[PDB]
>>> print(open('run06.pdb').read())   # PDB, C-alpha atoms
ATOM      1  CA  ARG A   1     102.898  60.056  99.100  1.00  0.00           C
ATOM      2  CA  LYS A   2     102.727  63.523  97.574  1.00  0.00           C
ATOM      3  CA  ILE A   3     103.427  65.017 100.885  1.00  0.00           C
ATOM      4  CA  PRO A   4     102.586  68.684 101.108  1.00  0.00           C
ATOM      5  CA  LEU A   5     105.587  70.923 101.610  1.00  0.00           C
ATOM      6  CA  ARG A   6     105.083  73.642 104.187  1.00  0.00           C
ATOM      7  CA  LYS A   7     106.333  77.212 104.359  1.00  0.00           C
ATOM      8  CA  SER A   8     108.892  78.394 106.887  1.00  0.00           C
ATOM      9  CA  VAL A   9     107.748  81.123 109.290  1.00  0.00           C
ATOM     10  CA  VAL A  10     111.364  82.271 109.374  1.00  0.00           C
ATOM     11  CA  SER A  11     112.298  82.506 105.671  1.00  0.00           C
ATOM     12  CA  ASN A  12     108.912  82.286 103.963  1.00  0.00           C
ATOM     13  CA  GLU A  13     110.399  79.543 101.766  1.00  0.00           C
ATOM     14  CA  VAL A  14     109.025  76.102 100.895  1.00  0.00           C
ATOM     15  CA  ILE A  15     110.587  73.482 103.151  1.00  0.00           C
ATOM     16  CA  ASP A  16     111.888  70.131 101.798  1.00  0.00           C
ATOM     17  CA  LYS A  17     110.092  67.173 103.429  1.00  0.00           C
ATOM     18  CA  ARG A  18     113.364  65.945 104.975  1.00  0.00           C
ATOM     19  CA  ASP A  19     113.884  69.377 106.571  1.00  0.00           C
ATOM     20  CA  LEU A  20     110.472  69.950 108.101  1.00  0.00           C
ATOM     21  CA  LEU A  21     110.298  70.835 111.769  1.00  0.00           C
ATOM     22  CA  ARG A  22     107.064  71.608 113.609  1.00  0.00           C
ATOM     23  CA  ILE A  23     106.768  73.906 116.670  1.00  0.00           C
ATOM     24  CA  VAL A  24     103.410  73.774 118.486  1.00  0.00           C
ATOM     25  CA  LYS A  25     101.599  76.117 120.868  1.00  0.00           C
ATOM     26  CA  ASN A  26      98.744  74.587 122.904  1.00  0.00           C
ATOM     27  CA  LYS A  27      95.780  76.367 124.520  1.00  0.00           C
ATOM     28  CA  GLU A  28      97.566  76.412 127.848  1.00  0.00           C
ATOM     29  CA  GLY A  29     100.264  78.671 126.340  1.00  0.00           C
ATOM     30  CA  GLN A  30     102.943  75.973 126.225  1.00  0.00           C
ATOM     31  CA  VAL A  31     105.248  75.906 123.213  1.00  0.00           C
ATOM     32  CA  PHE A  32     107.200  72.768 122.268  1.00  0.00           C
ATOM     33  CA  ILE A  33     108.942  71.008 119.458  1.00  0.00           C
ATOM     34  CA  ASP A  34     106.798  68.268 117.820  1.00  0.00           C
ATOM     35  CA  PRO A  35     109.091  65.846 116.000  1.00  0.00           C
ATOM     36  CA  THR A  36     106.264  63.502 114.855  1.00  0.00           C
ATOM     37  CA  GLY A  37     103.927  66.216 113.522  1.00  0.00           C
ATOM     38  CA  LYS A  38     100.909  64.511 115.161  1.00  0.00           C
ATOM     39  CA  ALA A  39     100.367  66.940 118.066  1.00  0.00           C
ATOM     40  CA  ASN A  40      97.315  69.131 118.575  1.00  0.00           C
ATOM     41  CA  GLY A  41      97.676  72.825 119.187  1.00  0.00           C
ATOM     42  CA  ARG A  42      98.641  75.550 116.723  1.00  0.00           C
ATOM     43  CA  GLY A  43     101.634  74.618 114.464  1.00  0.00           C
ATOM     44  CA  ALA A  44     104.403  76.783 112.966  1.00  0.00           C
ATOM     45  CA  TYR A  45     107.136  75.325 110.722  1.00  0.00           C
ATOM     46  CA  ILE A  46     110.791  75.982 110.171  1.00  0.00           C
ATOM     47  CA  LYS A  47     113.584  74.249 108.283  1.00  0.00           C
ATOM     48  CA  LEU A  48     115.850  71.929 110.304  1.00  0.00           C
ATOM     49  CA  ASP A  49     118.647  74.405 109.687  1.00  0.00           C
ATOM     50  CA  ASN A  50     120.934  76.289 112.103  1.00  0.00           C
ATOM     51  CA  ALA A  51     120.426  79.586 110.307  1.00  0.00           C
ATOM     52  CA  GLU A  52     116.626  79.318 110.649  1.00  0.00           C
ATOM     53  CA  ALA A  53     116.792  78.324 114.335  1.00  0.00           C
ATOM     54  CA  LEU A  54     119.018  81.344 115.022  1.00  0.00           C
ATOM     55  CA  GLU A  55     116.792  83.702 113.045  1.00  0.00           C
ATOM     56  CA  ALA A  56     113.732  82.339 114.897  1.00  0.00           C
ATOM     57  CA  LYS A  57     115.286  83.603 118.138  1.00  0.00           C
ATOM     58  CA  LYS A  58     116.642  86.848 116.711  1.00  0.00           C
ATOM     59  CA  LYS A  59     113.218  87.782 115.375  1.00  0.00           C
ATOM     60  CA  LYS A  60     111.157  86.064 118.124  1.00  0.00           C
ATOM     61  CA  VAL A  61     109.248  84.601 115.189  1.00  0.00           C
ATOM     62  CA  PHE A  62     106.849  82.404 117.168  1.00  0.00           C
ATOM     63  CA  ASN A  63     105.741  85.298 119.375  1.00  0.00           C
ATOM     64  CA  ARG A  64     104.237  86.734 116.320  1.00  0.00           C
ATOM     65  CA  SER A  65     102.790  83.424 115.074  1.00  0.00           C
ATOM     66  CA  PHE A  66     101.291  82.499 118.470  1.00  0.00           C
ATOM     67  CA  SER A  67     100.290  85.889 119.821  1.00  0.00           C
ATOM     68  CA  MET A  68     102.311  85.463 123.023  1.00  0.00           C
ATOM     69  CA  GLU A  69     105.735  86.125 124.561  1.00  0.00           C
ATOM     70  CA  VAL A  70     107.506  82.777 124.047  1.00  0.00           C
ATOM     71  CA  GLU A  71     110.203  82.127 126.690  1.00  0.00           C
ATOM     72  CA  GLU A  72     113.829  82.697 125.734  1.00  0.00           C
ATOM     73  CA  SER A  73     114.515  79.211 127.084  1.00  0.00           C
ATOM     74  CA  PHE A  74     112.356  77.774 124.309  1.00  0.00           C
ATOM     75  CA  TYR A  75     114.308  79.614 121.610  1.00  0.00           C
ATOM     76  CA  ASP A  76     117.540  78.344 123.157  1.00  0.00           C
ATOM     77  CA  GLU A  77     116.112  74.824 123.319  1.00  0.00           C
ATOM     78  CA  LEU A  78     115.221  75.005 119.592  1.00  0.00           C
ATOM     79  CA  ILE A  79     118.749  76.204 118.712  1.00  0.00           C
ATOM     80  CA  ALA A  80     120.273  73.330 120.633  1.00  0.00           C
ATOM     81  CA  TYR A  81     117.797  70.817 119.189  1.00  0.00           C
ATOM     82  CA  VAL A  82     118.501  71.907 115.619  1.00  0.00           C
ATOM     83  CA  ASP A  83     122.276  72.071 116.181  1.00  0.00           C
ATOM     84  CA  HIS A  84     122.290  68.473 117.447  1.00  0.00           C
ATOM     85  CA  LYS A  85     120.039  67.148 114.666  1.00  0.00           C
ATOM     86  CA  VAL A  86     121.997  68.944 111.903  1.00  0.00           C
ATOM     87  CA  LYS A  87     125.241  67.494 113.264  1.00  0.00           C
ATOM     88  CA  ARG A  88     123.760  63.971 113.241  1.00  0.00           C
ATOM     89  CA  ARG A  89     122.502  64.434 109.683  1.00  0.00           C
ATOM     90  CA  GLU A  90     125.854  65.762 108.438  1.00  0.00           C
ATOM     91  CA  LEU A  91     127.554  62.707 109.934  1.00  0.00           C
ATOM     92  CA  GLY A  92     124.993  60.455 108.255  1.00  0.00           C
ATOM     93  CA  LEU A  93     123.583  59.161 111.563  1.00  0.00           C
ATOM     94  CA  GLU A  94     120.054  59.954 110.436  1.00  0.00           C
TER
END
>>> encode(input="run06.pdb", output="C-alpha cells")
Amino acid sequence: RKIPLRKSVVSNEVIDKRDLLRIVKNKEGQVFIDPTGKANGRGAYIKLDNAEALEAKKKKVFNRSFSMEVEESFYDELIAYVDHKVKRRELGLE
C-alpha cells in the first residue's frame, strides 16, 4: 500500500505504520484521539508509545501544534489510552 509514514510531534522521528496515533483538533477547539485516522480537523501524530505520551504531556506538545491551551484531562486521557493499548500489544491481544 506504500503507506506514508508520518513524523511524531513529540520526537520528530518517522513513525512505523503499526505505531501511528492521530490526535485531532476541530474548529470548535475540541481535541480528541482519532483511532481510524478518518476524522476532519487538524491532525498531529505521535507514536503509540508510553514515552511519547508522557513527553506529550510534559511538553504540552499539542498546545503548540494547535495554538490553544489543551486541557490537562486530555493529556491524561492520552497517557491512559496509550498505556492500555501498549499493554494489549505486548500481550499479543492486538
>>> residues_around(input="run06.pdb", residues="residue A:54", least_positions_apart="5", cutoff="10 Å", atoms="all atoms listed in the file", output="PyMOL selection string")
chain A and resi 10+49+59-60+75-76+78-80+82-83
>>> write_last_selection(input="run06.pdb", atoms="C-alpha atoms", output="mmCIF file, in the frame of the given file")
data_model
loop_
_atom_site.group_PDB
_atom_site.id
_atom_site.type_symbol
_atom_site.label_atom_id
_atom_site.label_comp_id
_atom_site.auth_asym_id
_atom_site.auth_seq_id
_atom_site.Cartn_x
_atom_site.Cartn_y
_atom_site.Cartn_z
ATOM 1 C CA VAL A 10 111.364 82.271 109.374
ATOM 2 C CA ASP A 49 118.647 74.405 109.687
ATOM 3 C CA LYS A 59 113.218 87.782 115.375
ATOM 4 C CA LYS A 60 111.157 86.064 118.124
ATOM 5 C CA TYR A 75 114.308 79.614 121.610
ATOM 6 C CA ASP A 76 117.540 78.344 123.157
ATOM 7 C CA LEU A 78 115.221 75.005 119.592
ATOM 8 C CA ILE A 79 118.749 76.204 118.712
ATOM 9 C CA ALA A 80 120.273 73.330 120.633
ATOM 10 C CA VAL A 82 118.501 71.907 115.619
ATOM 11 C CA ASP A 83 122.276 72.071 116.181
#
>>> resolve_selection(input="run06.pdb", expression="the PyMOL selection byres ((chain A and resi 40) around 9)", output="mmCIF file with C-alpha atoms, in the frame of the given file")
data_model
loop_
_atom_site.group_PDB
_atom_site.id
_atom_site.type_symbol
_atom_site.label_atom_id
_atom_site.label_comp_id
_atom_site.auth_asym_id
_atom_site.auth_seq_id
_atom_site.Cartn_x
_atom_site.Cartn_y
_atom_site.Cartn_z
ATOM 1 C CA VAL A 24 103.410 73.774 118.486
ATOM 2 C CA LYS A 25 101.599 76.117 120.868
ATOM 3 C CA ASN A 26 98.744 74.587 122.904
ATOM 4 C CA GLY A 37 103.927 66.216 113.522
ATOM 5 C CA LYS A 38 100.909 64.511 115.161
ATOM 6 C CA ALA A 39 100.367 66.940 118.066
ATOM 7 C CA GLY A 41 97.676 72.825 119.187
ATOM 8 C CA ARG A 42 98.641 75.550 116.723
ATOM 9 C CA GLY A 43 101.634 74.618 114.464
#
>>> atom_distance(input="run06.pdb", atom1="atom CA of residue A:31", atom2="atom CA of residue A:44")
10.3 Å
>>> closest_residue(input="run06.pdb", among="A:33, A:61, A:9, A:21", to="residue A:48", atoms="all atoms listed in the file")
A:21
>>> atom_distance(input="run06.pdb", atom1="atom CA of residue A:85", atom2="atom CA of residue A:73")
18.2 Å
>>> closest_residue(input="run06.pdb", among="A:57, A:47, A:68, A:2", to="residue A:18", atoms="only C-alpha atoms")
A:47
>>> atom_distance(input="run06.pdb", atom1="atom CA of residue A:81", atom2="atom CA of residue A:62")
16.1 Å
>>> closest_residue(input="run06.pdb", among="A:67, A:4, A:92, A:11", to="residue A:27", atoms="all atoms listed in the file")
A:67
>>> axis_aligned_box(input="run06.pdb", around="stretch 16-25 of chain A", padding_each_side="6 Å", output="lines of an AutoDock Vina configuration file")
center_x = 107.7
center_y = 71.0
center_z = 111.3
size_x = 24.3
size_y = 22.2
size_z = 31.1
